[PDB]
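First structure 1, then structure 2: two forms of the same chain, each alone, as structure tokens.
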Structure 1
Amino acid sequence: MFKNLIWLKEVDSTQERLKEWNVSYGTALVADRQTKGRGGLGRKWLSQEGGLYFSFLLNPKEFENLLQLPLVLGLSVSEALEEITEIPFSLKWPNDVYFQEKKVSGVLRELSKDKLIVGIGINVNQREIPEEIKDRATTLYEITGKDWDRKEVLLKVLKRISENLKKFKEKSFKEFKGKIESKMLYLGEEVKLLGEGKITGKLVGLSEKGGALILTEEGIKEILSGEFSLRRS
């Protein structure tokens, strides 16, 4: 039941606040502005007006795999945006939501004590996109040519997250493998993964474990580490 909100006008980071405050699971902390945002395309643009920045607590004892989780959340984020805008979106392993070549959303997940802090940033109404990420990022406004009710968006997103997380629990990742893999970005293309190494080859798909399958010279390798980031090559 992700439907009750805590909407602030400015914080250092919704991630940090939930790391500090003791909130109940299933409640989303939203912030119009973030002075010390962290993750994805940087801190500078996470302080822009028009973006949708929020975080929420999940039970660590209940969502053990922090590789499939980001994918399911990303799948939930894209599904909500597609339902709203009726625009096709792609998923970039292992977390980002993309429209074509540029990112629209990113899923962050941290752990602290007995907390699983999930932070999600969505590009909705930012009008003045930074020149340094004009190439890698886009907004709902830029794509569709109109603004969107950030509250309406957040609600349908929280709903999909809720609905999908219930299935991911009751059932398994098998329920989303096909949905996710079929929306994967750079699929069939030459790509390069970096993090705890650097593997380069053709992204051939997604394993039932949520791992990225790369076709190298000596076989297809399955990448499970969340450390890795997937970029073109």
Structure 2
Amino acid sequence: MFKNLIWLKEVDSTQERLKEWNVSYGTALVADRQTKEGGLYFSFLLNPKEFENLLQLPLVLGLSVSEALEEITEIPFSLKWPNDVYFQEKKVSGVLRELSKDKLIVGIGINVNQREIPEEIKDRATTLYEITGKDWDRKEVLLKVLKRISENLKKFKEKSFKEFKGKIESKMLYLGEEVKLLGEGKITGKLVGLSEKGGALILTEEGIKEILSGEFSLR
């Protein structure tokens, strides 16, 4: 589990910080706001050896965030392959993973209580407040997320990605629908699920294609 929080009122970037400072596993670095309000941001360190497949990891992290936000709010949430958490076609939480030298650094942002969603993004972004008409205690959100991440990641080390696949798929946006790759006019087809290694499976004219990266959309 986590054992230690470092809570900032503001900082440049929680990821940035975890690169420069030699924090320890079990520490979450949390910020109220990053400098490039009502949002929740935090980063932590994983063992880079424990998570060599880096499509599976962000997906289990996203699963965890979605489980947590639903426990708290009762609203169910979707997973975008390969990494964010959505309510409908709107992003509520970002999930990020960076190998930097010796470290695996995980970054997570959740839109909790922000009041004003800029005109340009409001079509593709949202907050818990927008969805529920209610403010939520940001630390209780954080705790619940950290607890689901601990739990899921532990099961993930003990067994495998198989304990998560179908849950992930069943939450995937555009699941079962027809999609294309962004700026890759070649691949179109139905989004049918995930491969063993976390890849997206598209049933194309000429059969199943496994995508190991890119961005999907409806048709």
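Residue indices: 1-based, along structure 1. Each form is matched to the other, and the largest set of C-alpha atoms that superpose within 1.5 Å is called the rigid core. Residues that one form lacks are left out of the comparison.
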item	value
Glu196: Cα shift of 2 Å or greater between structure 1 and structure 2 (core-aligned)	yes
Core-aligned Cα shift of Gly205 between structure 1 and structure 2, given in Å	1.2
Rigid core superposed, the C-alpha shift at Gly226 between structure 1 and structure 2 in Å	7.0
Per-residue CA shift, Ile87 (Å; core superposed between structure 1 and structure 2)	0.5
Moved residue ranges in sequence order between structure 1 and structure 2, Cα 2 Å or more, at least 3 long, core fit	193-200, 224-231
